[PDB]
Every structure is written in structure tokens, then in C-alpha cells.
């Protein structure tokens, strides 16, 4: 059963989508849209076979060429493109890239519109499918840690990469760092702890990065490091640590979950495309029972092709298997617009916390 995919936005992440679809039988890209032909040229080369291209998504939407959509355009364009999809005579499934939107007003508007749209809308927050992360989720959800109380997430990575039109350098286009980069983490918090946030507090700064990059004399206004503490309805708690100038760290992600029977932790290595050649490491998961003492540690292997197709530890592949099911009406949307909105509202509350030096309540 073949699915005809249309890509709206044909840049870096789009090419990751391409390489992952290439690993899933019945995945045919038929249409790609991007206002920049140098992006289309690069992405079509990556596809490796002929597709129809369009400068504007609206022509793609009425092309008759597609069964399902993927949006990989800049964050602040997601709602506009979604609206055109929602108004289309053909109502198609959409995988829309993270952040689903970038402001509080966008979130409010998207919430009304998506509620009235009849086809699957999946927000492409894929980190839960990283095999190490899946192990932690199953351990937490399956009771192996006892009652869960704490979730720590540490991301230590390189500065935001250069992008088409330098779109990721200003809060006005990204929603802020804690939306652009940390929606994934706020979503993992809700997933792992199976609960809703009530309060968020963050300390953060723009302290290091992009100080030498000028746009009409102006520097990037985005955060490059933060600590965020999130309280939950049930009384569980989570903390996110982010540094966008800690690319020295062999393990880019550390996730720890502490319960009253055990702790579990994973370490996720820097993707091979950004690390030292040859010094390739697997992710590790450590299970640490309170009693009896005796931690268990294991490497978590990922299929070599799956890992090579993306920079997110094989997660994008699993994301597509799930989206495929949603497209064929054989499975649910696992990451919904509601999930995306919570993630964004959490990021937005964190950004406001940083500015105001007060915690921010969520309803």
C-alpha cells in the first residue's frame, strides 16, 4: 500500500524526513514545495527520483498528487500553512513539524481550527521514539521505578545551526529557544509523568552564542542556556537543563527518572555527523534499584540505516511508521495538536518566567 507524500518546506529537516521515508516500503514522495529553488534542488537530489515541485504550497495542495503532507517550514509559518490545509477542498493528513506554533495567540487560534479539522494532524515531536527513551518511558509507565516523583532532562549541545534566511535567530520567528528547542522536552515531561503542568519557573540567558552575527546591526535575542523547573497537578516534578554551548559533551542528552523503588537514566550520544570520526558510541541505559543495591547497565543498539538516516537517534523513522498508520486509518495520532499546544504553552510560560523572574501558572 503506497502513500504519496507532499513536503511543504524542503530544507534541513525535510531532507531528514526524506531519508527516513526512504526506509519505509510504500513511501513515495510525489510533490515538494519551497519558495527557494536552491532548497528544492538539494532536497530533490536527496530524494533521488523525479518529483513535481512548487514554489507555493497552495498549488501543491490542489495538485491531485498527494495522500499525506509533511510541513518542515520555519516555525512561524506553521499556522498559516495549517490554515490553508484546513480550508482545502481536499482534507489531507498532516505531519507538522515542532513547534506547532510560536505564540499564545497562534495557539488559541490553532486550538479552535484543529478541533474542526477532520483528518489526522500529527505534531512531529519524535524524541519519545529514540530507543533509549522508549525504554525509560516503558520502565516508568510499567511500574519498574515504583511511584515516579522526579524527571531530569539535560541537553548539552552546539549553537543553533545556520538556516535559510537565518530564520532561527530571533524569538519573533522561533517562539523563543524554550519553544523551538525545548517543546520536545516539555512534551516528554507530560508523557513520562502522565500528568499536566501547573507551574513553571525558569532562569536563563543569552550569554554566549551568535554574538558576532549581525542583522542590520542587531544580534540574536534568543536564550542559549536555561534551567527550568516544572510542577505537576499530582505533585511530581521535572527539571530541564539546557546549554547551547556545551558541544564538548560526548552525551548530548541525559534523562534521569527517580521513583520510590528505583532510578533509571539514559545517556544519548552526539549524532555521528557532529562528533569525532571513529569515536562512535551507543546510547546507554542504567537501571538502579534502591534495594537490593546493584545497578544494571546496557547499550541500546539502533539499526545502522535508521541511525544514519537522521540526527535524532533513529526517532524519525519510528515517527513515520506511526504517521503511516494514522494516514491509513489503522492507528491513532500519538502526538496530537493538543500535545503540541501544551508543549508550546509550557515553552512560552518558561520564556515569560525568565523575563519576569516569577513562576508562571498553567491552566
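Residue numbers count along the first chain shown, from 1.
Enquirer: Looking at the deposited entry, does 316-324 or 294-302 carry the larger mean Cα B-factor?
Expert: Higher mean C-alpha B-factor: 294-302.
Enquirer: Report the stretch with the higher mean CA temperature factor, choosing between 182-190 and 267-275 on the basis of the entry.
Expert: Stretch with the greater average CA B-factor: 267-275.
Enquirer: Going by the deposited entry, which of 134, 243, 73, 168 has the highest CA temperature factor?
Expert: By C-alpha B-factor in the record, 134 ranks first.
Enquirer: Based on what the PDB entry reports, which of 108, 224, 97, 126 has the top C-alpha B-factor?
Expert: Highest CA B-factor of the listed options: 108.
Enquirer: Split into thirds by Cα B-factor across the chain's modelled residues, where does residue 286 land: lowest, middle or highest?
Expert: It belongs to the middle third of the chain when residues are ordered by C-alpha B-factor.
Enquirer: Divide the modelled residues of the chain into thirds by Cα B-factor and specify which third, lowest, middle or highest, holds residue 209.
Expert: As the PDB entry reports it, the C-alpha B-factor of residue 209 lands in the lowest third of its chain.
Enquirer: Is the Cα B-factor recorded for residue 118 in the lowest, middle or highest third of its chain?
Expert: Its C-alpha B-factor, which the entry lists for residue 118, ranks in the highest third among residues of this chain.
Enquirer: Split into thirds by Cα B-factor across the chain's modelled residues, where does residue 357 land: lowest, middle or highest?
Expert: Top third by C-alpha B-factor.
Enquirer: Please say which third, lowest, middle or highest, residue 64 falls into when its CA temperature factor is compared across its chain.
Expert: According to the entry, residue 64 has a C-alpha B-factor in the chain's middle third.
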